[PDB]
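Chemist: structure here, sequence nowhere to be found:
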RNA sequence: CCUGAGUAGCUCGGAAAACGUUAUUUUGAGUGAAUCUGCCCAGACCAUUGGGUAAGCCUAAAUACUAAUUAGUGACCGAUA
RNA sequence: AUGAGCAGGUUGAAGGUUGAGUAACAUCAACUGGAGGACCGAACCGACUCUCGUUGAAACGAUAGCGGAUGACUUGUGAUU
RNA sequence: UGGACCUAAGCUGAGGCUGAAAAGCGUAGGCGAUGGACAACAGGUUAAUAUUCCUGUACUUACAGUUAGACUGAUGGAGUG
RNA sequence: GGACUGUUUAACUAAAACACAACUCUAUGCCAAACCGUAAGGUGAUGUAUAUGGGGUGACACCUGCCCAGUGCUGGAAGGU
RNA sequence: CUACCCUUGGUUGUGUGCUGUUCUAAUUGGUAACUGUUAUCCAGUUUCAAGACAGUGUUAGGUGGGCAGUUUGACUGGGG
RNA sequence: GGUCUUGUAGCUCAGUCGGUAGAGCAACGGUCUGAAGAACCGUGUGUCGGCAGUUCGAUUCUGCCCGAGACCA
């Protein structure tokens, strides 16, 4: 669901829309709930040394990142109680405040299919294949969507965990290990057959079309104003300035350094799970 | 340091003369092998090893 | 650089004698079975004396292999695992086995016991051999829930 | 029998050498002996022969000047110095 | 990161709202409510335009608008590159 | 009120990882207000002061003994903050 | 032409430049691509392709037409060296 | 038949180079658990995905103004 | 660090117990059709790219100068 934004301004227009955030996120009157709170320090795109590392990213307000438990292994044999679907100022996905009945709470991802109140179990057990649940891929046959899944032992749920992400199961290898998962973006991996699985695409499937309209929404969303390569300084940029702006050259436009990124294979192959790869949209592994 | 933890030996700083026969300098860093090593009285800590010193240690029964 | 394949044969030309060929940091250079002997001057003094030491080590290793077989067949490994009446939540590493080995009063290295990651449930058993001629068997009693 | 052992020879590129690296030495890397006509050297290396037995070195003296002290000296200055 | 001005008058939305109505529909109106890189206009800021100086009170400011003035607004302190 | 206390931005820093000499990152800790918290509000006073000094009104941790009184309670958990 | 409101040559250049916007192309299966230092680590960010970075214009709307000789990329089977 | 010169096809293999694999007993690891310690940078043991492929140390390269030391001749009825 | 190679007509090609030139198209002539595209045959082109070895008849079996091809420091 979306909602129109009529600016009612005398100069200019706005066809911008925004997700209502009242039927998909709780506590619209945001007051910091002091149960799982974490203060966030940031440098404005700068680093621990101090110098910047990510240009065109800054000018954002404070965030209170919820303590998300991607492992779903802290408390087992007792199903959790989804207290609320909370906002996440660091992720497009909506966090979920679950509370196991033993006396502890945590934050997880609740994908599309379950909402506040559902009793979800965390274990390596052959538990029911439902959204929010977590179980090994061995109990799930081929032809199912999977998300919020890691590659490395206890490395935390990292891969394919955003809205609309899925992992098509297409059986296992000839060796009986490293089940093949077709992840998002048309890539494919040889996932370990022992890894857990949070089945179901993440909720808010309508989070696909939006008009930012005004810069404040854009600048507070990480993406700062992007400057065109035309009309720059001719210093530090080989095409800026001068009368009669020059068309962009340097076929397959490079980044403004000695490196190249346009169309070239710029994959990293030195990790602890690079042998579990199948396809990366251009080649093999 | 770039010098391995077993030998704090300064890297050999010499010249690299190309077709131009220039005076550009070149570093020669000591060898770094993070192979396992056995220690007595409990712990079995592991440190970096240089191959030139590895020859001396191995032929002096360092395992 | 090891020069004596003491009391054991590592499936190759190295035999129970003062002789071995270089195999790098493997079961032939990291295992303490191949005991290193003074290499700075090994011509007549250390050579035959270490050969005799190797023979005596063979004999005392038969004796101690029998003794250790009895030991690990009387006081054996025990472990517990968490269950929910047939719900696999297992995780196994050799670390705990090494810790128990050290707890038995002897600094046994990471070579006697070695296994991969396993994921199971219920009552099972794993046995790891220790010797080549008077080999012992391990009993790892696992307690499920 | 001892006189130094990844040690003397070399060696993938440099340097100390008149030598910007050709004899000597060199390693960041691969290597490698002798217990002295052996071994290193004889500007590649050796035969007679010749230089020496290195691979640990101790050592005020010739290698600085006053860092606190002493003493005198002056084709030294002369308040733009 | 920690705290600050937006007086006053304002667009008065979206969300929903109630009955009428109708075979069931369809359709009608209105208000709770306050949304803006929202409006005019002061606190505060801007040198965007014309004049002054072109060796001024000014090593950058004075005036007239305009623009932000409820946010891409205007800030102080401490600190990061 | 800043500190006696607490941290935000941030820093020092036993170590330690890492780096020719130098030190970078950075943990245990502690520093660091622009903030939070514990405890004085009006009248009078000089040639220079006021909630501060006094008057009246009074807080805090309550201090040692003490009677009386009573299961208080952090090293651990939760809430306001 | 720019969507607009806006920002940069404080102190002669405020815009058809730039900027949100949309169209979008490209890289990345995470220890991400991009990047700070050499190095740990770290931002990116513990974001996970619906996220970030870089390319080009430019709101709202049509698409972006023709074309790879070569380069950059992807795919091909057989090399000299 | 006794030997040499060649010749083209091939088993077991080799003088020649081609590689592929079973394991970790190495190595990579902002992989993690235990401990130091209730230590973010951390260290010891570990397993884990590979696996001596590759990395490291050395040599050798290349793409690559992103930058340097720089070069950017002269005569020419002013010079290009 | 460069050692792999073919030329034959207007274009294109290969060479048996080493023995031996060739269309197709453009097009010269002819054939089809009241008319004809399309199509069908025969006119035609070559020191067999040029130089030197090989043997029962080398331009063919071979080597060389000028461009070639598929994991390159």
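Modeler: Ah, there it is. Residues are numbered from 1 along each chain as shown, chains lettered A, B, ... in the order given.

Chemist: from now on I want contacts and neighbour counts done on CA atoms only, so please keep to that.
Modeler: Noted.

Chemist: from one end of stretch B:37-51 to the other, what's the distance?
Modeler: 14 Å (CA to CA, to the nearest Å).

Chemist: and it, how far from the chain's centre?
Modeler: On the basis of CA atoms, centre = their mean, to the nearest Å, stretch B:37-51 sits 15 Å off its chain's mean C-alpha point.

Chemist: now the helices for the chain?
Modeler: With no chain named, the answer covers chain A. Secondary structure of chain A (DSSP state H): helices at A:215-219.

Chemist: you looked at the wrong chain, it should be chain C
Modeler: Going by DSSP H, chain C shows helices at C:45-74, C:95-103.

Chemist: got the contact list for the last one?
Modeler: The one in question is helix C:95-103. C:77, C:107, C:108, C:109, C:110, C:113 (CA atoms under 8 Å, 6 or more residues apart in numbering or on different chains).

Chemist: these: which ones sit near chain B?
Modeler: Contacts with chain B are made by residue C:107 out of the contacts of helix C:95-103, judged by CA under 8 Å from any CA of the partner chain.

Chemist: dump the contacts of helix C:95-103 into CSV; add distance to RNA strand F and neighbour count as well.
Modeler: What follows is the contacts of helix C:95-103, written out as CSV (distance: CA to the nearest atom of the strand, whole Å; neighbours: other CA atoms under 10 Å in any protein chain shown):
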residue, distance to RNA strand F, neighbour count
C:77, 33, 18
C:107, 24, 14
C:108, 25, 15
C:109, 22, 15
C:110, 23, 14
C:113, 28, 17
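
Chemist: narrow the contacts of helix C:95-103 to those in strands?
Modeler: Using DSSP state E, the subset of the contacts of helix C:95-103 located in strands is residue C:77.

Chemist: how about residue B:52: what's its closest non-neighbour residue?
Modeler: In this structure, residue B:52 finds its nearest non-sequential neighbour in residue B:31, 7.6 Å apart by CA to CA, 6 or more residues apart in numbering or on different chains.

Chemist: need the contact list for the one you found.
Modeler: Contacts of residue B:31 by CA under 8 Å, 6+ apart are B:3, B:4, B:49, B:50, B:51, B:52.

Chemist: near RNA strand H, which residues of chain C show up?
Modeler: Counting by CA under 7 Å from any atom of the strand, the residues of chain C close to RNA strand H are C:24-28, C:30-31, C:93-95, C:98, C:110-111, C:114-117.

Chemist: what about stretch A:277-285 and RNA strand G, touching?
Modeler: Yes. Contact of stretch A:277-285 with RNA strand G (CA under 7 Å from any atom of the strand) involves A:277, A:280, A:281, A:282, A:283, A:284.

Chemist: what about the residues you listed, which one has the most neighbours?
Modeler: Neighbour counts for the residues of stretch A:277-285 next to RNA strand G peak at residue A:277, which has 18 neighbours (criterion: other CA atoms under 10 Å in any protein chain shown).

Chemist: need the three-state assignment for the residue of chain B found nearest chain C.
Modeler: Ranked by CA to the nearest CA, the top residue of chain B for proximity to chain C is residue B:58, at 4.7 Å. On the three-state scheme (DSSP: H, G, I helix; E, B strand; the rest coil), residue B:58 is labelled helix.

Chemist: and the closest residue in space to it that isn't next to it in sequence, what does it touch?
Modeler: By the measure of CA to CA, 6+ apart, the closest residue to residue B:58 outside its immediate chain neighbours is residue C:1, 4.7 Å from it. Contacts for residue C:1 (CA under 8 Å, 6+ apart) come out as B:58, B:59, B:60, B:61, B:62, B:63, C:22, C:29, C:36, C:39.

Chemist: so which of the contacts of residue B:31 is the most crowded?
Modeler: Tallying neighbours with other CA under 10 Å puts residue B:49 at the head of the contacts of residue B:31, with 22 neighbours.

Chemist: so what does it look like in phi/psi?
Modeler: phi -140, psi 140 (degrees, to the nearest 10).

Chemist: distance check, the closest residue in space to it that isn't next to it in sequence against RNA strand F.
Modeler: Nearest in space to residue B:49, with sequence neighbours left out and distances taken as CA to CA, 6+ apart, is residue B:33 at 4.7 Å. Per CA to the nearest atom of the strand, to the nearest Å, residue B:33 is found 11 Å from RNA strand F.

Chemist: same deal with residue A:80?
Modeler: For residue A:80, the distance to RNA strand F - CA to the nearest atom of the strand - is 18 Å.

Chemist: so who does that residue touch?
Modeler: If you count contacts by CA under 8 Å, 6+ apart, then residue A:80 has A:98, A:99, A:100, A:101, A:119, A:120, A:121, A:122 around it.

Chemist: hey, what's the first one bridged with?
Modeler: For residue A:98, the beta-bridge partners under DSSP bridges are residue A:82, residue A:106.

Chemist: kind regards, and thank you for your time.
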